[PDB]
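Undergrad:
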Amino acid sequence: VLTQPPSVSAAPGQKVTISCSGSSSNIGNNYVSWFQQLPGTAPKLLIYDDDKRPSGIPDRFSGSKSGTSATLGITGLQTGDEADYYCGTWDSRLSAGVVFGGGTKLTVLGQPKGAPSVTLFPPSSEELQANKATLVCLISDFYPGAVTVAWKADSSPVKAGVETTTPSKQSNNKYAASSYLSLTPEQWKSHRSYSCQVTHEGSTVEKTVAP
Amino acid sequence: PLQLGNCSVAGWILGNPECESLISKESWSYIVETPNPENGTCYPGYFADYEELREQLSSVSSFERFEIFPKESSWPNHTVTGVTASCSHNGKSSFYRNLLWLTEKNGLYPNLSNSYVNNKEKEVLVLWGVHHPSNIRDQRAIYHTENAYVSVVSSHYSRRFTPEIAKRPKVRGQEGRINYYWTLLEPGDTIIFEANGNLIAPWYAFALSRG
Amino acid sequence: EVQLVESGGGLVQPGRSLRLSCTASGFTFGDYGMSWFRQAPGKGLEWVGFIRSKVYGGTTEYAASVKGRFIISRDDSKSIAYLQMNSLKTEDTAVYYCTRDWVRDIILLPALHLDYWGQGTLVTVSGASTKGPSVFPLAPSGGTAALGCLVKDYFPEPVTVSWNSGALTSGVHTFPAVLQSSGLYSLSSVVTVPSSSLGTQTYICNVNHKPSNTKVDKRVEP
Ligand SMILES: *[C@@H]1O[C@H](CO)[C@@H](O[C@@H]2O[C@H](CO)[C@@H](O)[C@H](O)[C@H]2NC(C)=O)[C@H](O)[C@H]1NC(C)=O
Numbered sequence: 003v004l005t006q007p008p009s010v011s012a013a014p015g016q017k018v019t020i021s022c023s024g025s026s027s028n029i030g031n032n033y034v035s036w037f038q039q040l041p042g043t044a045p046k047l048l049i050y051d052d053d054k055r056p057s058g059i060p061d062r063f064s065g066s067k068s069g070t071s072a073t074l075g076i077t078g079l080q081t082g083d084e085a086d087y088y089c090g091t092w093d094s095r096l097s098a099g100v101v102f103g104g105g106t107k108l109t110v111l112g113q114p115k116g117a118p119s120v121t122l123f124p125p126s127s128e129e130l131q132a133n134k135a136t137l138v139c140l141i142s143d144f145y146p147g148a149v150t151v152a153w154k155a156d157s158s159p160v161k162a163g164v165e166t167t168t169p170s171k172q173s174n175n176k177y178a179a180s181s182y183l184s185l186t187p188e189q190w191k192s193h194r195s196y197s198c199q200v201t202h203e204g205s206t207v208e209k210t211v212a213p
Numbered sequence: 053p054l055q056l057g058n059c060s061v062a063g064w065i066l067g068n069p070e071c072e073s074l075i076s077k078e079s080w081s082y083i084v085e086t087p088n089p090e091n092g093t094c095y096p097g098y099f100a101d102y103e104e105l106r107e108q109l110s111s112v113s114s115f116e117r118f119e120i121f122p123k124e125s126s127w128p129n130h131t132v133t134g135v136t137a138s139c140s141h142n143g144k145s146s147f148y149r150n151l152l153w154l155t156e157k158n159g160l161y162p163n164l165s166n167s168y169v170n171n172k173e174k175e176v177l178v179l180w181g182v183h184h185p186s187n188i189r190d191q192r193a194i195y196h197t198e199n200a201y202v203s204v205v206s207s208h209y210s211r212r213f214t215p216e217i218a219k220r221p222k223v224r225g226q227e228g229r230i231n232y233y234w235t236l237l238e239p240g241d242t243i244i245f246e247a248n249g250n251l252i253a254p255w256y257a258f259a260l261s262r263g
Numbered sequence: 001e002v003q004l005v006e007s008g009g010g011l012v013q014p015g016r017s018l019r020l021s022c023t024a025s026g027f028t029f030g031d032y033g034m035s036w037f038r039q040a041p042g043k044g045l046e047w048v049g050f051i052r053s054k055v056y057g058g059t060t061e062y063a064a065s066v067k068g069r070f071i072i073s074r075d076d077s078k079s080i081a082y083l084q085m086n087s088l089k090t091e092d093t094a095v096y097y098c099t100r101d102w103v104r105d106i107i108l109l110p111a112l113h114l115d116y117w118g119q120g121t122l123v124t125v126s127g128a129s130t131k132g133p134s135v136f137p138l139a140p141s147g148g149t150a151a152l153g154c155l156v157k158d159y160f161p162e163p164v165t166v167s168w169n170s171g172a173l174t175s176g177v178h179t180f181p182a183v184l185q186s187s188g189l190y191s192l193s194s195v196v197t198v199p200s201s202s203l204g205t206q207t208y209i210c211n212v213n214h215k216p217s218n219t220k221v222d223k224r225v226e227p
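Protein chains in written order, with the entry's author numbering: chain B, 3 to 213; chain A, 53 to 263; chain C, 1 to 141, 147 to 227.
Okay, structure coming up:
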């Protein structure tokens, strides 16, 4: 198997290179291909035959190989380039077949801070009819994906019923999140204020709903 | 009289896949060709001493085709199943029925040394080829060696071959070349093939008495 | 253009079998090799196997992970490649993709020219039973209003949420599901619209959970 740097960080407009070290069996003597895979999408062929580009790949992407290691270069760094990058090749050993690298997540630095847009829905009419009640807090469009979510019930911090996503990535390249607080319709109406305190880079947005 | 139909002397003596239905005969006065036989060297390259070969095969009193190096037994440490889309047969890729494209096996191309002894009490016609890939990345992928040598040693034929990489104009969809060489082996003489890559080894030869 | 469409994924018990399918369009299918790749959730790309074109023998190569258990075949009459999986184990759970590829000429290796991929299909090798989802509307109150749908307590993934039957990509965002203490998934979809456009028109979310054959269309009203 091939070895890649787990993470690579570079500011926009800079030269950025991803390493992919192998052996004489796989990378030394076989062709290397590079792939871009944005979060939750089919991989995209960037480079094949160690430096060739398929149709639609801009000139900013280039590949090179020297001995047992191969390298991919991205020269004009965009925020759209923030994705995962894989190196693949054939391993001529008896039955190693196609082998890949562990993957490399490229993060573009200098991206503007993004405040999280929070939406908190109360339990709906139909769900209350079903003797259940889920409060859905949605958080999206924040670039620094380091949010802290905290539920509170009439100023009291609650522990039971909270389940939270881990930050996602969408077509805005900013992160997205969601957190559900499970409760009986009774806990819903025994209080009058449930809040969704979302703290992101010190400052905290919170929304409050009500039976 | 020997009717090659729509095949050149090269395509018939090398075993072009699209000339297998040519009725073999052990004695002929001369060779009948056509204005331009459709099937010659399906893989492009220079046929060394072609005119001298056509003269040597002009008339023959004895002509037997025999397997000089058995495919399943001669190269255990090399890959033997090489085929090309240029030498196709029934719409599927194949190769010359008298040659063998040796490539790397399990990431290795060990030094080979194969001897043949002329025990036929006749002179045998032996044909082989030297592969000239179009780029170094193909040389690595096919053979896993960068500095290849090919040598042939007999009493009356001895030559060190020059497997040079060179991108040539695309002919029959190929930018690489196979240079074909041959020699007549006297009774009792021993020809020895030695290579670490790029050898199109003889599969079948021809014992002939040349009336 | 080139387009590869896959199907067949779903819930399957360990030791059972499941046949994936990958339909090709927009190119001469018989002139290309085909490869299957897989990717466990958030765990990188893996190679499953590869089938050469008929011009190069139509033979197959398989990863050591898989060789004895999966079988890859192709049907050039229908331009479809299959991934017949047998003796499935839990570690076989992954999103499976199909690709077209070149067959290198002399050495017959895959050229790794994976220029086109399918959307992938999720295969869950599990022993738990399928559970359909509950769908509840998320009613709305800048000058915008947010409405959505709550897809609750389903197993297994995936669920496909559309808005007015796949027409609305404007202002839509479906969030990743969450696994609960009960082993059941649950996600939400939300759309943003002009607030005076609420008493104006319709907004239906179309939730589709194929593992349970569930198809629900829910209306979100103020
Ligand atoms: C191919 O390589 C094998 C090595 O696995 C060679 O087999 C060995 O050859 C040596 C000397 O020739 C013997 O002493 C061993 O007993 C052989 N077997 C093993 C398992 O080592 C074989 O000779 C090679 N073939 C050719 C044509 O060179």
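The beta-carbon is built from N, C-alpha and C at its ideal position, and this holds for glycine as well.
Among residues of its own chain, excluding the 5 on either side of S110 of chain A, which ones have a beta-carbon nearer than 7 Å to its beta-carbon?
TA: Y82 and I83
Undergrad: On a Cα-Cα basis, can you pick out the residue from B:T168, B:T206 and B:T121 that is closest to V195 of chain C?
TA: Answer by Cα proximity: B:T121.
Undergrad: Have a look at the DSSP bridge pairing and note the partners of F37 of chain B.
TA: B:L47 and B:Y88
Undergrad: Out of A:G143, A:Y256 and A:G263, which one is the CA nearest neighbour of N150 of chain A?
TA: A:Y256
Undergrad: Quick check: is the beta carbon of residue 241 of chain B nearer than 9 Å to any beta carbon in chain A?
TA: For chain B, the structure presents residues 3 to 213; residue 241 of chain B sits outside this window and is missing.
Undergrad: Ordered along the chain, which non-local residues of its own chain (more than five positions away) have a Cβ less than 6 Å from that of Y88 of chain B?
TA: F37, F102, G103 and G105
Undergrad: Between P254 of chain A and ligand 1, is the CB less than 8 Å from at least one heavy atom?
TA: It does not: the Cβ of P254 of chain A is nowhere closer than 8 Å to a heavy atom of ligand 1.
Undergrad: Any heavy atom of ligand 1 within a distance shorter than 8 Å of the CB on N129 of chain A?
TA: True, at least one ligand heavy atom lies under 8 Å from that Cβ.
Undergrad: Going by the C-beta, is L251 of chain A closer than 8 Å to any heavy atom of ligand 1?
TA: Taking the Cβ of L251 of chain A as the reference point, every heavy atom of ligand 1 lies at 8 Å or farther away.
Undergrad: From the beta carbon of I106 of chain C, is the nearest beta carbon of chain A less than 9 Å away?
TA: yes
Undergrad: Short of 8 Å Cβ to Cβ, which residues in the segment 40 to 66 of chain C face chain A?
TA: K54, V55, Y56 and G57
Undergrad: Just how far apart, CA to CA, sit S138 of chain A and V166 of chain C?
TA: 50 Å
Undergrad: Consider the C-beta atom of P122 of chain A and the heavy atoms of ligand 1; say whether any pair is separated by less than 8 Å.
TA: no
Undergrad: Compare the C-beta of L74 of chain B with all C-beta atoms of chain A and state if any pair is closer than 9 Å.
TA: no
Undergrad: For the putative contact between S200 of chain C and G148 of chain C, defined by C-beta atoms under 8 Å, what is the C-beta separation to the nearest angstrom?
TA: 6 Å
Undergrad: Hey, could you find the ends of the alpha helix (DSSP H) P137 of chain C is sitting in?
TA: No alpha helix (DSSP H) holds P137 of chain C; the beta strand (DSSP E) holding it covers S134 to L138.
Undergrad: Are there any heavy atoms of ligand 1 lying less than 8 Å away from the beta-carbon of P14 of chain C, as far as the coordinates show?
TA: no
Undergrad: Please report whether the beta-carbon of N158 of chain A lies at a distance below 9 Å from any beta-carbon of chain B.
TA: yes
Undergrad: Which residues does DSSP list as the beta-bridge partners of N91 of chain A?
TA: A:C59, per the DSSP bridge assignment.
Undergrad: Please classify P161 of chain C as buried or exposed, where buried requires at least 16 neighbouring CB atoms within 10 angstroms.
TA: Answer is buried; the Cβ neighbour count reaches 16.
Undergrad: Answer yes or no: does any C-beta atom of chain A fall closer than 9 Å to that of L114 of chain C?
TA: no
Undergrad: Less than 9 Å between the C-beta atoms of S68 of chain B and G75 of chain B, yes or no?
TA: no
Undergrad: Less than 9 Å between the beta carbons of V2 of chain C and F27 of chain C, yes or no?
TA: yes
Undergrad: By the 10 Å Cβ neighbour count, where 16 or more other Cβ atoms means buried, how is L111 of chain B classified, buried or exposed?
TA: exposed
Undergrad: What whole-angstrom Cβ distance do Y196 of chain B and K176 of chain B have, given they're in contact under 8 Å?
TA: Not really, about 26 Å apart at Cβ, beyond 8 Å.
Undergrad: Cβ-heavy atom distance between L164 of chain A and ligand 3 below 8 Å?
TA: Ligand 3 is not part of this structure, which contains only ligand 1.
Undergrad: Find out if the Cβ-Cβ distance for the pair residue 215 of chain B, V34 of chain B is shorter than 9 Å.
TA: Residue 215 of chain B cannot be examined here, being either before or after the span of chain B that is shown, 3 to 213.
Undergrad: What number of angstroms, rounded off, separates the C-alpha of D115 of chain C from the C-alpha of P227 of chain C?
TA: Distance from the CA atom of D115 of chain C to the CA atom of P227 of chain C, rounded to whole angstroms, is 46 Å.
Undergrad: Near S53 of chain C, which residues of its chain fall below 7 Å by C-beta distance, leaving aside the five closest residues on each side in sequence?
TA: Result list for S53 of chain C: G30, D31, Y32, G33 and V103, in chain order.
Undergrad: What did DSSP end up calling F50 of chain C once you bin it into helix, strand or coil?
TA: strand
Undergrad: Mind checking if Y82 of chain C is an interface residue toward chain B, Cβ cutoff 9 Å exclusive?
TA: False, the Cβ-Cβ gap to chain B never drops below 9 Å.
Undergrad: If you count every other CB in all the chains shown that lies within 10 Å of the CB of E156 of chain A, and 16 or more means buried, which is it?
TA: buried
Undergrad: Does the beta-carbon of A247 of chain A have 16 or more other beta-carbons within 10 angstroms, so that it is buried, or is it exposed?
TA: buried
Undergrad: Against chain A, does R95 of chain B count as a neighbour if the rule is that its beta carbon must be under 9 Å from one of theirs?
TA: For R95 of chain B, the answer is yes, since a Cβ of chain A falls inside 9 Å of its Cβ.
Undergrad: Against chain A, with Cβ distances strictly below 9 Å, would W36 of chain B count as a contact?
TA: False, the Cβ-Cβ gap to chain A never drops below 9 Å.
Undergrad: Would you call the segment 90 to 99 of chain A and the segment 53 to 60 of chain A touching, i.e. three or more CB-CB distances under 8 Å?
TA: Touching, per the Cβ criterion.
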